[PDB]
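J.: Encoded as structure tokens, here's the structure I'll be asking about.
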Amino acid sequence: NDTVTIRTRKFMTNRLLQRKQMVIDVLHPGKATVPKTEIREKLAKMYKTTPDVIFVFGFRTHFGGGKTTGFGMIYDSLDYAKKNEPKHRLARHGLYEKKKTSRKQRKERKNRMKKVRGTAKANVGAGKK
Amino acid sequence: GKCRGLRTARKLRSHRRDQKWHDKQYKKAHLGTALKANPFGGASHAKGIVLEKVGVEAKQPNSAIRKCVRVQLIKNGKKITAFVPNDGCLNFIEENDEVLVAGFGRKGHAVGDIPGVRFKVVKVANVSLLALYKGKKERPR
Amino acid sequence: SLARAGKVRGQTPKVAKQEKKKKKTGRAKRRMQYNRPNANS
Amino acid sequence: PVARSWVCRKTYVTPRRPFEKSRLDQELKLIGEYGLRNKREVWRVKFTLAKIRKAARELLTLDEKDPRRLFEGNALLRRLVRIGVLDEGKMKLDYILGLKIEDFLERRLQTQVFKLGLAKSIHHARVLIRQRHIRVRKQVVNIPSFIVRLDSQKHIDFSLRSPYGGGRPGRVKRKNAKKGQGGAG
RNA sequence: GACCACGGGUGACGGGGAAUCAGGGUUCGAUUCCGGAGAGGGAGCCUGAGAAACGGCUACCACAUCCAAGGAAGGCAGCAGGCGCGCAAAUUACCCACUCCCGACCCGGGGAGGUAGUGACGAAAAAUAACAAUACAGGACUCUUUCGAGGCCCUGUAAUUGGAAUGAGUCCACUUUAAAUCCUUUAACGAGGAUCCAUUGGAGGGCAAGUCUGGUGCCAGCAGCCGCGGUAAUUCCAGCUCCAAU
């Protein structure tokens with residue numbers, strides 16, 4: 001489209017977490033907020049890297065549209081990114097899966113296993129079945 | 001004449017506190033007797049039960065028959081007279097109906113031509129009496 | 001004694017609400033009244 | 001214990017003597033001049049004027065040689081200059097009390113837009129502003145009561161996206177054009 | 001101990017602090033902050049560094065859960081929800097991502113906390129409509145002040161249309177978010193009576209409006225004070241119009 005451009009601010013490399021913290025600014029004249037997938041692709045293209053160790057989040061658009069500000073991390077390695085990343089952020093692009101059990105169910109099973117002693121597995125099997 | 005010395009402030013606070021027991025507003029509120037004596041007990045509203053429908057004569061200059069209701073409050077069982085505010089709402093209200101009683105004005109004083117009457121009636125059978133008068137709502141069936 | 005409550009209200013005819021063009025609201029009403037009262041004589 | 005503000009404040013003071021005929025006419029005339037919505041905005045802007053008037057009074061009553069007096073004094077002049085209710089050539093502490101509520105009303109975005117000629121009328125300016133057609137510093141401002149700094153006075157123009165500035169047709173233009181094209185075809 | 005003890009009451013936890021304002025000041029302080037007390041009541045105690053602890057136990061007093069009648073098992077002024085008193089106050093929701101905390105310890109837990117549901121309870125910022133030339137009533141002006149005509153801006157007309165503009169709500173998307181909705185944008189919709197109808201109380205005063213029209217006739221009512229009501233009521237009940245705040 002040659003209308004949407006990506007700028008960055010507050011660029012600092014954190015070798016402690018093996019990443020690169022940035023503040024991503026997106027300028028679109030008459031289009032809406034660009035998808036996060038396109039943001040990762042374009043930023044990686046201009047950084048001469050791959051769009052896999054790059055994570056974006058927290059995009060807020062100024063009143064009237066046009067400018068959106070967010071956060072971006074460029075991890076040195078995929079393994080380092082896996083070690084240093086919140087699990088929900090990993091699940092956003094499909095790198096980790098959380099447990100499907102409900103917190104109410106976990107509390108109920110914890111209470112039942114607290115009532116028993118010695119065999120906490122016995123109530124787990126009966127409760128799940 | 002009044003004392004002016006620089007080491008009489010205790011006398012100033014005492015003379016002002018022992019002369020503060022001389023004005024009908026301060027002593028009425030800070031004795032704890034007025035609140036124990038009004039049937040409301042410090043209440044802006046109250047839920048009572050309609051007991052009797054009565055007609056009270058107006059004051060000397062006015063020849064009118066106001067429509068007051070004798071109501072016993074659930075909180076302390078005081079029998080009070082409460083005139084129905086708007087025209088036609090006496091027939092709107094019926095006996096054995098729980099109502100909400102509010103004020104007449106003048107800070108617990110009789111208002112208008114109704115002697116010894118200080119209470120107003122609203123919220124008849126959990127619907128507003130003003131709503132009934134204006135036709136917004138109707139009595140439950 | 002208590003049977004005359006609301007006598008005048010039921011006696012007078014119930015005149016229906018006449019059709020009145022809606023009056024301006026908010027800013028337009030304030031501007032209108034400035035441009036312009038109840039001379040009943 | 002909650003993590004929030006619990007902090008606000010009132011912006012307008014109801015006059016001690018309401019329904020005064022003299023003040024009702026003055027407020028109504030002010031409304032009919034700057035196109036105000038109602039009397040509350042008057043109650044608010046007169047309050048902010050009153051507050052910095054009081055700060056001037058307290059500042060006057062302070063001693064002659066006080067670095068804090070000069071710090072707060074000059075600082076208040078810098079703000080009033082950069083909003084534009086006071087001239088820069090009248091830099092003096094006593095001149096603050098001479099400000100007027102109508103002068104403050106002259107510095108609104110709606111009044112400045114109408115004065116610059118972006119709209120045919122003051123109410124036309126408010127309608128367009130409420131409809132998001134006026135932008136300052138390449139940002140659309142939709143507050144008629146928004147206050148424009150005197151520094152950014154010449155940076156008011158129609159938006160590049162609005163049908164007035166940019167020229168992109170809206171709902172009415174598209175419907176009319178499509179109806180005409182259908183009839184012609 | 002009269003410089004107010006001893007005693008009592010308090011619809012009193014204290015204070016940092018809140019309403020208002022010439023100034024001096026008058027009231028309100030559980031509240032989310034810093035300390036104290038309590039976990040129905042006052043008694044008691046073992047471990048622990050720190051308990052005289054109640055999401056520890058024991059006994060008594062009211063209440064009351066199950067009982068196979070030989071006993072067992074109790075305190076939601078913790079989070080929701082219920083009952084009872086009441087004029088007077090919320091969902092039997094989601095999660096440890098943000099805040100921090102606990103634990104052998106990065107990985108688990110937290111009705112502490114964050115988020116959502118109700119919320120006219122308070123504090124703001126705010127739509128409910130702008131223009132044109134027509135015809136009239138006109139206003140401000142210019143030549144003359146004579147019959148007066150002509151020319152630019154403005155007000156009013158369920159009278160004329162129009163052009164462009166716009167949200168409230170449909171609504172594929174995007175975004176925020178532990179996962180979701182509104183909020184910030186964007187596609188297609190979406191206004192003409194733009195019916196996509198702003199409302200509460202009055203028309204004697206205080207404080208802004210009616211010597212308008214009817215019904216009633218000191219009865220109803222209105223009416224905070226005077227007072228308004230014996231037939232042509234500026235205050236009563238209806239219609240129209242004006243007044244305040246929105």
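Ligands are numbered from 1 in the order shown, residues from 1 within each chain, and chains are lettered A, B, ... in the order they appear in the structure tokens.
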Near chain D, meaning an atom within 8 Å, which residues of chain A appear when counting only C-alpha atoms? Write them as a VMD selection string.

T.: chain A and resid 29 to 30 63 to 64

J.: Counting only C-alpha atoms, which residues of chain C fall within 6 Å of chain D, and what is the closest atom pair for each with its distance in Å at one decimal, ordered by chain and rising number, as JSON lines?

T.:
{"residue": "C:27", "atom": "CA", "partner": "D:37", "partner_atom": "CA", "distance": 4.6}
{"residue": "C:31", "atom": "CA", "partner": "D:32", "partner_atom": "CA", "distance": 5.8}
{"residue": "C:34", "atom": "CA", "partner": "D:32", "partner_atom": "CA", "distance": 5.9}

J.: Write out as JSON, numbers by chain all residues of chain B that backbone DSSP assigns to strand (DSSP E or B).

T.: {"B": [47, 48, 49, 50, 51, 52, 53, 54, 55, 56, 57, 65, 66, 67, 68, 69, 70, 71, 72, 73, 79, 80, 81, 82, 83, 98, 99, 100, 101, 102, 103, 119, 120, 121, 122, 124, 127]}

J.: Can those selected residues be exported to a file as an mmCIF file, in the first residue's frame so that it contains N, CA and C atoms?

T.:
data_model
loop_
_atom_site.group_PDB
_atom_site.id
_atom_site.type_symbol
_atom_site.label_atom_id
_atom_site.label_comp_id
_atom_site.auth_asym_id
_atom_site.auth_seq_id
_atom_site.Cartn_x
_atom_site.Cartn_y
_atom_site.Cartn_z
ATOM 1 N N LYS B 47 -41.680 3.005 56.826
ATOM 2 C CA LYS B 47 -42.710 2.105 56.319
ATOM 3 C C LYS B 47 -43.712 1.806 57.427
ATOM 4 N N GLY B 48 -44.959 2.250 57.238
ATOM 5 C CA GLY B 48 -46.006 2.020 58.206
ATOM 6 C C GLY B 48 -47.214 1.369 57.553
ATOM 7 N N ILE B 49 -48.193 1.035 58.392
ATOM 8 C CA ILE B 49 -49.406 0.352 57.961
ATOM 9 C C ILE B 49 -50.582 1.310 58.106
ATOM 10 N N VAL B 50 -51.336 1.482 57.020
ATOM 11 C CA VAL B 50 -52.509 2.346 57.051
ATOM 12 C C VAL B 50 -53.565 1.712 57.943
ATOM 13 N N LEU B 51 -53.949 2.422 59.004
ATOM 14 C CA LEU B 51 -54.924 1.914 59.963
ATOM 15 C C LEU B 51 -56.308 2.520 59.754
ATOM 16 N N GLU B 52 -56.411 3.846 59.798
ATOM 17 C CA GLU B 52 -57.694 4.529 59.720
ATOM 18 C C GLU B 52 -57.615 5.690 58.739
ATOM 19 N N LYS B 53 -58.748 5.985 58.108
ATOM 20 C CA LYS B 53 -58.903 7.149 57.246
ATOM 21 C C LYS B 53 -59.773 8.164 57.973
ATOM 22 N N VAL B 54 -59.244 9.372 58.171
ATOM 23 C CA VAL B 54 -59.920 10.395 58.955
ATOM 24 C C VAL B 54 -59.893 11.716 58.195
ATOM 25 N N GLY B 55 -60.843 12.583 58.535
ATOM 26 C CA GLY B 55 -60.897 13.921 57.982
ATOM 27 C C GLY B 55 -60.733 14.980 59.053
ATOM 28 N N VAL B 56 -59.689 15.796 58.938
ATOM 29 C CA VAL B 56 -59.353 16.799 59.943
ATOM 30 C C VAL B 56 -59.729 18.174 59.414
ATOM 31 N N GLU B 57 -60.321 18.996 60.275
ATOM 32 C CA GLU B 57 -60.663 20.359 59.898
ATOM 33 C C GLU B 57 -59.404 21.199 59.726
ATOM 34 N N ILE B 65 -61.474 20.253 54.796
ATOM 35 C CA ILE B 65 -61.443 18.953 55.469
ATOM 36 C C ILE B 65 -60.331 18.141 54.814
ATOM 37 N N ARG B 66 -59.133 18.211 55.384
ATOM 38 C CA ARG B 66 -58.010 17.455 54.853
ATOM 39 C C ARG B 66 -58.207 15.962 55.088
ATOM 40 N N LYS B 67 -57.551 15.158 54.254
ATOM 41 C CA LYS B 67 -57.688 13.707 54.284
ATOM 42 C C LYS B 67 -56.414 13.104 54.867
ATOM 43 N N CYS B 68 -56.398 12.910 56.182
ATOM 44 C CA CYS B 68 -55.250 12.348 56.875
ATOM 45 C C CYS B 68 -55.479 10.871 57.170
ATOM 46 N N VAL B 69 -54.373 10.153 57.344
ATOM 47 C CA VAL B 69 -54.379 8.715 57.579
ATOM 48 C C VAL B 69 -53.612 8.434 58.863
ATOM 49 N N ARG B 70 -54.223 7.665 59.760
ATOM 50 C CA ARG B 70 -53.566 7.267 60.998
ATOM 51 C C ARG B 70 -52.728 6.022 60.733
ATOM 52 N N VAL B 71 -51.418 6.124 60.952
ATOM 53 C CA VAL B 71 -50.473 5.080 60.577
ATOM 54 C C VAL B 71 -49.641 4.696 61.791
ATOM 55 N N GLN B 72 -49.497 3.392 62.013
ATOM 56 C CA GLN B 72 -48.619 2.853 63.041
ATOM 57 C C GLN B 72 -47.320 2.402 62.391
ATOM 58 N N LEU B 73 -46.201 2.920 62.887
ATOM 59 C CA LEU B 73 -44.901 2.591 62.326
ATOM 60 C C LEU B 73 -44.432 1.235 62.841
ATOM 61 N N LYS B 79 -48.567 5.984 66.695
ATOM 62 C CA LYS B 79 -49.745 6.327 65.905
ATOM 63 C C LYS B 79 -49.652 7.796 65.504
ATOM 64 N N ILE B 80 -49.516 8.049 64.203
ATOM 65 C CA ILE B 80 -49.313 9.392 63.678
ATOM 66 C C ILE B 80 -50.331 9.663 62.579
ATOM 67 N N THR B 81 -50.598 10.944 62.344
ATOM 68 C CA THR B 81 -51.522 11.380 61.304
ATOM 69 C C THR B 81 -50.732 11.887 60.103
ATOM 70 N N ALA B 82 -51.096 11.413 58.912
ATOM 71 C CA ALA B 82 -50.358 11.708 57.688
ATOM 72 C C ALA B 82 -51.340 12.067 56.579
ATOM 73 N N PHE B 83 -51.350 13.338 56.184
ATOM 74 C CA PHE B 83 -52.230 13.784 55.111
ATOM 75 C C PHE B 83 -51.722 13.293 53.761
ATOM 76 N N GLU B 98 -49.391 -1.079 53.173
ATOM 77 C CA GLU B 98 -48.131 -0.528 53.653
ATOM 78 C C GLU B 98 -47.732 0.668 52.797
ATOM 79 N N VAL B 99 -47.347 1.762 53.454
ATOM 80 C CA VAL B 99 -47.002 3.005 52.782
ATOM 81 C C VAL B 99 -45.687 3.522 53.350
ATOM 82 N N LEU B 100 -45.086 4.455 52.619
ATOM 83 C CA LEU B 100 -43.886 5.153 53.057
ATOM 84 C C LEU B 100 -44.261 6.578 53.432
ATOM 85 N N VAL B 101 -43.852 7.001 54.622
ATOM 86 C CA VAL B 101 -44.231 8.295 55.172
ATOM 87 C C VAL B 101 -43.019 9.218 55.171
ATOM 88 N N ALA B 102 -43.214 10.437 54.666
ATOM 89 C CA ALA B 102 -42.138 11.416 54.571
ATOM 90 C C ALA B 102 -42.545 12.718 55.253
ATOM 91 N N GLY B 103 -41.753 13.778 55.074
ATOM 92 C CA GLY B 103 -41.949 14.992 55.835
ATOM 93 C C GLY B 103 -42.850 16.026 55.173
ATOM 94 N N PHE B 119 -46.813 14.648 58.612
ATOM 95 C CA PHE B 119 -46.409 13.477 57.852
ATOM 96 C C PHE B 119 -47.112 13.441 56.499
ATOM 97 N N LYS B 120 -46.385 12.990 55.477
ATOM 98 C CA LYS B 120 -46.893 12.838 54.121
ATOM 99 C C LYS B 120 -46.850 11.368 53.728
ATOM 100 N N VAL B 121 -47.676 10.982 52.756
ATOM 101 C CA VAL B 121 -47.782 9.588 52.329
ATOM 102 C C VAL B 121 -47.327 9.463 50.878
ATOM 103 N N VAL B 122 -46.441 8.497 50.629
ATOM 104 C CA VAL B 122 -45.959 8.145 49.297
ATOM 105 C C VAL B 122 -45.722 6.640 49.265
ATOM 106 N N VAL B 124 -47.392 3.942 47.921
ATOM 107 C CA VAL B 124 -48.531 3.132 48.338
ATOM 108 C C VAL B 124 -48.458 1.784 47.630
ATOM 109 N N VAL B 127 -45.725 1.191 44.927
ATOM 110 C CA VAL B 127 -45.752 2.026 43.731
ATOM 111 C C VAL B 127 -45.968 3.468 44.166
#

J.: Write out as a ChimeraX atom specification each polymer residue whose atoms come within 12 Å of residue 92 in chain A, counting only C-alpha atoms (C1' of nucleotides); drop sequence neighbours fewer than 5 positions from it.

T.: /A:36-37,55-57,85-87,97-98 /E:177-179

J.: For a quick check of understanding, using only C-alpha atoms (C1' of nucleotides), which of E:240, E:30, E:222, E:80 has the smallest distance to chain B?

T.: E:222

J.: Which of these residues is nearest to chain B, using only C-alpha atoms (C1' of nucleotides): E:11, E:163, E:50, E:192?

T.: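 Answer, going by the shortest atom-to-atom distance: E:11.
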
J.: Using only C-alpha atoms (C1' of nucleotides) for the distances, tell me which of E:241, E:115, E:146, E:235 is nearest to chain C.

T.: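 Answer, going by the shortest atom-to-atom distance: E:241.
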
J.: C1' of residue 171 in chain E to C1' of residue 188 in chain E: how many Å, to one decimal?

T.: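 Computing the Euclidean distance for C1' of residue 171 in chain E and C1' of residue 188 in chain E yields 8.4 Å.
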
J.: Looking only at alpha helix (DSSP H) from DSSP on the backbone, list the matching residues of chain C as a short mmCIF file (atom, residue, chain, number, x, y, z; two decimals) with N, CA, C and O atoms, in the first residue's frame.

T.:
data_model
loop_
_atom_site.label_atom_id
_atom_site.label_comp_id
_atom_site.auth_asym_id
_atom_site.auth_seq_id
_atom_site.Cartn_x
_atom_site.Cartn_y
_atom_site.Cartn_z
N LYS C 7 -63.29 15.57 43.71
CA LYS C 7 -64.54 15.90 43.02
C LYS C 7 -64.29 16.79 41.81
O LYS C 7 -64.84 16.56 40.73
N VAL C 8 -63.45 17.82 41.97
CA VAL C 8 -63.20 18.75 40.88
C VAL C 8 -62.42 18.07 39.75
O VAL C 8 -62.64 18.36 38.57
N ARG C 9 -61.50 17.17 40.10
CA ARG C 9 -60.68 16.53 39.09
C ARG C 9 -61.51 15.69 38.13
O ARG C 9 -61.27 15.70 36.92
N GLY C 10 -62.51 14.96 38.64
CA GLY C 10 -63.36 14.17 37.78
C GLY C 10 -64.43 14.98 37.07
O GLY C 10 -64.92 14.57 36.01
N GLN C 11 -64.80 16.14 37.62
CA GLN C 11 -65.86 16.94 37.04
C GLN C 11 -65.42 17.67 35.77
O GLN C 11 -66.17 17.71 34.79
N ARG C 27 -28.58 23.17 22.72
CA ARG C 27 -27.94 24.36 22.18
C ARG C 27 -28.89 25.16 21.29
O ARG C 27 -28.91 26.40 21.34
N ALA C 28 -29.69 24.47 20.47
CA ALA C 28 -30.56 25.17 19.53
C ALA C 28 -31.63 25.98 20.26
O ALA C 28 -31.97 27.09 19.84
N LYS C 29 -32.18 25.44 21.35
CA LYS C 29 -33.17 26.18 22.13
C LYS C 29 -32.55 27.42 22.77
O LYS C 29 -33.17 28.49 22.78
N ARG C 30 -31.34 27.29 23.31
CA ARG C 30 -30.68 28.44 23.93
C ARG C 30 -30.41 29.53 22.91
O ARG C 30 -30.59 30.72 23.20
N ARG C 31 -29.95 29.15 21.72
CA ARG C 31 -29.73 30.14 20.67
C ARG C 31 -31.04 30.78 20.22
O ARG C 31 -31.09 31.98 19.95
N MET C 32 -32.10 29.98 20.12
CA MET C 32 -33.39 30.50 19.67
C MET C 32 -33.94 31.53 20.65
O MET C 32 -34.35 32.62 20.25
N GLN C 33 -33.93 31.21 21.95
CA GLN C 33 -34.47 32.15 22.94
C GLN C 33 -33.64 33.42 23.02
O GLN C 33 -34.17 34.48 23.36
N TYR C 34 -32.34 33.34 22.72
CA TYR C 34 -31.52 34.55 22.65
C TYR C 34 -31.94 35.42 21.48
O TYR C 34 -31.95 36.66 21.59
N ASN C 35 -32.26 34.81 20.34
CA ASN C 35 -32.68 35.58 19.18
C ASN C 35 -33.98 36.32 19.44
O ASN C 35 -34.15 37.47 19.01
#

J.: To one decimal place in Å, what is the distance between CA of residue 62 in chain A and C1' of residue 185 in chain E?

T.: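 Computing it gives 9.0 Å between the two atoms.
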
J.: For chain C, which residue out of E:212, E:77, E:245, E:22 is the nearest one, using only C-alpha atoms (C1' of nucleotides)?

T.: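 For chain C, the nearest of the candidates is E:212.
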
J.: Find the distance between CA of residue 99 in chain A and CA of residue 81 in chain A and write it in Å to one decimal.

T.: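 Distance between the two atoms: 20.9 Å.
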
J.: Residues of chain D near chain E: apply a cut-off of 7 Å, count only C-alpha atoms (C1' of nucleotides), and supply the list as a compact mmCIF listing (two decimals) with C-alpha atoms, in the first residue's frame.

T.:
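Done, and the output landed in result-v8.txt:
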# COMPACT_ATOMS: atom_id res chain seq x y z
CA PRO D 1 -7.49 -1.70 49.47
CA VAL D 2 -7.98 -1.04 45.75
CA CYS D 8 -11.65 14.19 41.32
CA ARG D 9 -12.93 17.73 41.79
CA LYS D 10 -15.76 20.07 40.89
CA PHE D 19 -32.32 33.50 39.00
CA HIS D 123 -22.77 27.03 15.85
CA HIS D 124 -21.53 25.77 12.48
CA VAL D 127 -21.43 21.15 14.71
CA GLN D 131 -18.57 15.82 13.92

J.: Contacts of residue 26 in chain A at 12 Å or less, counting only C-alpha atoms (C1' of nucleotides), minus same-chain residues fewer than 3 places along, as a compact mmCIF listing (two decimals) with N, CA, C and O atoms, in the first residue's frame?

T.:
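As written to disk, out.txt reads:
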# COMPACT_ATOMS: atom_id res chain seq x y z
N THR A 3 1.61 3.17 2.39
CA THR A 3 1.00 4.23 3.19
C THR A 3 1.25 3.98 4.67
O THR A 3 1.31 4.92 5.46
N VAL A 4 1.39 2.71 5.05
CA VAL A 4 1.62 2.34 6.44
C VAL A 4 3.12 2.18 6.66
O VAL A 4 3.77 1.38 5.98
N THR A 5 3.66 2.95 7.60
CA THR A 5 5.08 2.92 7.92
C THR A 5 5.27 2.62 9.40
O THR A 5 4.43 2.97 10.24
N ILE A 6 6.39 1.97 9.72
CA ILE A 6 6.68 1.51 11.07
C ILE A 6 7.91 2.25 11.58
O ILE A 6 8.98 2.20 10.95
N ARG A 7 7.76 2.93 12.71
CA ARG A 7 8.86 3.59 13.40
C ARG A 7 9.03 2.96 14.77
O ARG A 7 8.14 2.28 15.29
N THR A 8 10.21 3.16 15.37
CA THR A 8 10.51 2.61 16.68
C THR A 8 11.12 3.69 17.57
O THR A 8 11.69 4.67 17.08
N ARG A 9 10.98 3.50 18.88
CA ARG A 9 11.53 4.42 19.87
C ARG A 9 11.98 3.63 21.09
O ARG A 9 11.51 2.52 21.35
N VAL A 23 9.61 0.36 21.37
CA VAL A 23 8.27 0.92 21.35
C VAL A 23 7.90 1.16 19.90
O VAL A 23 8.53 1.99 19.22
N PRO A 29 -2.56 6.37 7.20
CA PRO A 29 -3.39 7.56 6.96
C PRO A 29 -4.89 7.29 7.02
O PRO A 29 -5.62 7.98 7.74
N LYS A 31 -6.31 3.81 7.02
CA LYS A 31 -6.59 2.42 7.31
C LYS A 31 -6.69 2.21 8.82
O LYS A 31 -6.26 3.05 9.61
N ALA A 32 -7.26 1.07 9.20
CA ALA A 32 -7.42 0.74 10.60
C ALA A 32 -6.11 0.23 11.18
O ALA A 32 -5.04 0.32 10.56
N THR A 33 -6.18 -0.29 12.41
CA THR A 33 -5.01 -0.88 13.03
C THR A 33 -4.59 -2.14 12.28
O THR A 33 -5.40 -3.05 12.08
N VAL A 34 -3.33 -2.18 11.87
CA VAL A 34 -2.80 -3.31 11.11
C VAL A 34 -2.74 -4.53 12.02
O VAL A 34 -2.51 -4.39 13.23
N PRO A 35 -2.94 -5.74 11.49
CA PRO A 35 -2.85 -6.94 12.33
C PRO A 35 -1.45 -7.12 12.89
O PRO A 35 -0.46 -6.70 12.28
N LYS A 36 -1.38 -7.74 14.07
CA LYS A 36 -0.09 -7.97 14.71
C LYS A 36 0.81 -8.87 13.85
O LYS A 36 2.04 -8.75 13.92
N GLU A 38 1.10 -8.79 10.56
CA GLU A 38 1.78 -7.93 9.59
C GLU A 38 2.83 -7.06 10.26
O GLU A 38 3.86 -6.74 9.65
N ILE A 39 2.58 -6.65 11.51
CA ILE A 39 3.56 -5.85 12.24
C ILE A 39 4.85 -6.65 12.46
O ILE A 39 5.96 -6.13 12.27
N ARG A 40 4.71 -7.91 12.85
CA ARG A 40 5.88 -8.76 13.04
C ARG A 40 6.62 -8.98 11.72
O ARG A 40 7.86 -8.97 11.68
N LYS A 42 6.67 -7.07 8.87
CA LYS A 42 7.33 -5.88 8.35
C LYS A 42 8.53 -5.49 9.19
O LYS A 42 9.58 -5.11 8.65
N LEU A 43 8.41 -5.56 10.52
CA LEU A 43 9.53 -5.20 11.38
C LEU A 43 10.70 -6.16 11.20
O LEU A 43 11.86 -5.74 11.20
N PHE A 59 -0.85 -2.65 21.75
CA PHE A 59 -1.01 -1.60 20.75
C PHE A 59 -2.25 -0.77 21.07
O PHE A 59 -3.37 -1.29 21.09
N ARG A 60 -2.04 0.52 21.34
CA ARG A 60 -3.11 1.46 21.59
C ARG A 60 -3.10 2.54 20.51
O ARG A 60 -2.05 3.08 20.17
N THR A 61 -4.28 2.86 19.99
CA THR A 61 -4.43 3.81 18.89
C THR A 61 -4.86 5.16 19.44
O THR A 61 -5.77 5.24 20.28
N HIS A 62 -4.20 6.22 18.97
CA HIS A 62 -4.55 7.57 19.38
C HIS A 62 -5.93 7.95 18.86
O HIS A 62 -6.43 7.39 17.88
N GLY A 65 -7.55 7.81 15.20
CA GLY A 65 -6.84 6.83 14.41
C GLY A 65 -5.49 7.33 13.93
O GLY A 65 -4.99 8.39 14.32
N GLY A 66 -4.89 6.53 13.05
CA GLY A 66 -3.62 6.88 12.45
C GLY A 66 -2.40 6.32 13.16
O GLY A 66 -1.67 5.51 12.60
N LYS A 67 -2.19 6.75 14.40
CA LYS A 67 -0.99 6.38 15.16
C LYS A 67 -1.34 5.35 16.22
O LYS A 67 -2.27 5.54 17.00
N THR A 68 -0.59 4.25 16.24
CA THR A 68 -0.72 3.21 17.25
C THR A 68 0.64 2.96 17.89
O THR A 68 1.64 2.84 17.18
N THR A 69 0.66 2.88 19.21
CA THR A 69 1.89 2.68 19.97
C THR A 69 1.82 1.36 20.73
O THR A 69 0.80 1.04 21.34
N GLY A 70 2.91 0.60 20.68
CA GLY A 70 2.96 -0.70 21.33
C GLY A 70 4.34 -1.09 21.80
O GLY A 70 5.26 -0.27 21.81
N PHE A 71 4.49 -2.35 22.21
CA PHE A 71 5.76 -2.88 22.68
C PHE A 71 6.20 -4.03 21.78
O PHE A 71 5.37 -4.82 21.31

J.: Residues of chain E no more than 9 Å from chain B, counting only C-alpha atoms (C1' of nucleotides): send them over as an MDAnalysis selection string.

T.: chainID E and resid 11 85:87 218:221 223:224

J.: Could you tell me which residues of chain E sit within 8 Å of chain A when counting only C-alpha atoms (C1' of nucleotides), and give me the result as number ranges by chain?

T.: E: 97, 174-176, 178, 184-186

J.: Taking only C-alpha atoms into account, which residues of chain C are within 7 Å of chain B, as a PyMOL selection string?

T.: chain C and resi 2+5-6

J.: Keeping only N, CA and C atoms, write the selected residues as a PDB file, in the first residue's frame.

T.:
ATOM      1  N   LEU C   2     -65.539  12.161  53.667  1.00  0.00           N
ATOM      2  CA  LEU C   2     -64.392  11.696  52.901  1.00  0.00           C
ATOM      3  C   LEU C   2     -64.763  11.281  51.482  1.00  0.00           C
ATOM      4  N   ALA C   5     -63.430  13.669  47.956  1.00  0.00           N
ATOM      5  CA  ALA C   5     -62.052  13.756  47.492  1.00  0.00           C
ATOM      6  C   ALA C   5     -61.992  13.608  45.977  1.00  0.00           C
ATOM      7  N   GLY C   6     -61.254  14.505  45.327  1.00  0.00           N
ATOM      8  CA  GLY C   6     -61.115  14.465  43.885  1.00  0.00           C
ATOM      9  C   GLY C   6     -62.358  14.827  43.106  1.00  0.00           C
TER      10      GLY C   6
END

J.: Enumerate as an MDAnalysis selection string the residues belonging to chain E that approach chain C to within 6 Å, with only C-alpha atoms (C1' of nucleotides) taken into account.

T.: chainID E and resid 155 158 210 212 215:216 220 237 242
